[PDB]
């Protein structure tokens, strides 16, 4: 089992679901406390289990696996022996975990904002509503739409949204294309947001495109909220006899950069962190959603496909469906 998640296939569904979910509770809790190192190790240990070909049934099967030390192994040991891990259950029950989770789920609220509200004594969404002078307009949107945004987006919803986005993109710039990215491109059947990547086959034609797209969507009455290359929107999506608010992210890239942006926006988030870490630490190349830089030659790698990029980095190619780290 290699040590980096980008070095191994990770399917969407797997054989250690319970064990990985427990570790990911501890990762999330570490994040709420500002401990990014411990978050990362628990995330990585969870991801290793997702990559295994069968269920872990005994503690000895952890021997030799990367990212499994005293703490993560103990978590698994307790789950194997008793069906529950006391530490994990304590986190789950805690007022701190539950409130930080509730608050950071709001669009516009991060760990630092959640933490300050927690420390001021706030606990509930209605606590926040009763003091709206304390909220940004982004947070106000996030709070008004919180119920709808908490309901999973389905793949049927995605196809309807894609047709709508293509229509506006087509008026804004004939020939521009719309590609589904994010978790749905990895094969997820549900999600909490839809991600699209927009480009045009003629380099440079995409300059200034996103404002033109947003103006057109707004004119069609589709935009409940938005604030450039990236747009984080709340869309009005048709429902039987009504509609619901859906988070949609729109990203534009020049076609020269499209493979990098496609790779970068298709995720998973842990997969991208591990791939960038691998690039820099193992190959000495600097990766982002724009390009891949050799800091010795001071040159950028030209890529025509995601396949090109995996080959550049000396990694076996992984389709999106195997990037669910």
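Heads up, when I say rigid core I mean the largest set of C-alphas that superpose within 1.5 Å between the two forms. Numbering follows the first chain given and starts at 1.
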Review point. Taking RMS over all structures and residues, which stretch has CA atoms farther from the shown form in 8 other deposited structures of this protein, 177-185 or 212-220, after a rigid core fit?
Key: 212-220
Study note, to complete from the structure: in 8 other deposited structures of this protein, with the rigid core superposed, the stretch whose C-alphas stray more from the shown form, 70-78 or 167-175, is 167-175
Exercise for review: Might you work out how many residues are unmodelled in the deposited sequence between residue 227 and residue 228, and answer none, 1 to 3, 4 to 9, or 10 or more?
Suggested key: 10 or more
Check your understanding: Looking at the deposited entry, does 242-250 or 113-121 carry the larger mean Cα B-factor?
Key -> 113-121
**Study point:** Mean C-alpha B-factor comparison - 281-289 and 41-49, higher one
**Key:** 281-289
Review point. Which one of 191, 175, 221, 187 shows the biggest C-alpha B-factor in the PDB entry?
Key: 221
Practice item. Report the option among 195, 148, 157, 206 whose CA atom has the maximum B-factor in the deposited record. Key: 157
Revision key, fill the gap. Residue 3: CA temperature factor from the record, placed by chain third, in the middle
Exercise for review: Name the third of the chain's ranked CA B-factors that contains residue 236, choosing lowest, middle or highest.
Suggested key: middle
Exercise for review: Relative to the other modelled residues of the same chain, rank the CA B-factor of residue 66 and answer lowest, middle or highest third.
Suggested key: middle
Exercise for review: Check where residue 255 lands among this chain's C-alpha B-factors and tell me if it's the lowest, middle or highest third.
Suggested key: lowest
Review point. In terms of the CA temperature factor given in the entry, to which third of its chain does residue 57 belong: lowest, middle or highest?
Key: middle
